[PDB]
């Protein structure tokens, strides 16, 4: 698939928990690299960008790129604290995706949620149906305290393009578990 993907990380205070090894935040950070590489390896022209949804206010950390070093440099020193703003994040991500240079690229969001969603369900469904209308696919990696997101994904989904990957606390590594999910890398040949 030829697509531009905005990867949204949760850097809220909820992510300072050691119930995922070594913390939720750091668990997520390793998973981002895997998702990145999946996209970059899918098509030579695929690009990824990086946003936060926590610390009170979603931020674009990296515009669309194939250089993972830009993600790592932008995350260095990043605050992990404050509230998550899920709906604001997926709206800002859609605005960012409009600025993609290569507009032949399909549009996708991959978002991590490790915190309570601030939107209520009626709001979540409006968000989802608006994405679907906008031809924006979305995958959500849900961790921590684990239904509303299943309804969201069902409302956004078109042609089996959207996924909810829900991973409880465990001894195993989040990146490995997500790699073993529908949105993981798979194999080559």
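Positions refer to the first chain, counted from 1.
Going from residue 146 to residue 147, the model skips 1 to 3 deposited residues, which lack coordinates. Averaged over Cα atoms, the B-factor as recorded in the entry is higher for 122-130 than for the other of 122-130 and 45-53.
Higher mean CA B-factor, judged across 10-18 and 166-174 from the recorded values: 166-174. The top Cα temperature factor in the record, among 139, 26, 160, 67, falls on 160. Of all the options 85, 108, 99, 81, the entry's greatest CA B-factor is assigned to 99. Remark: residue 183 belongs to the middle third of its chain, ranked by C-alpha B-factor as recorded. Residue 72: CA B factor lies in the middle third for its chain, per the PDB record. Among all modelled residues in its chain, residue 151 ranks in the highest third by Cα B-factor.
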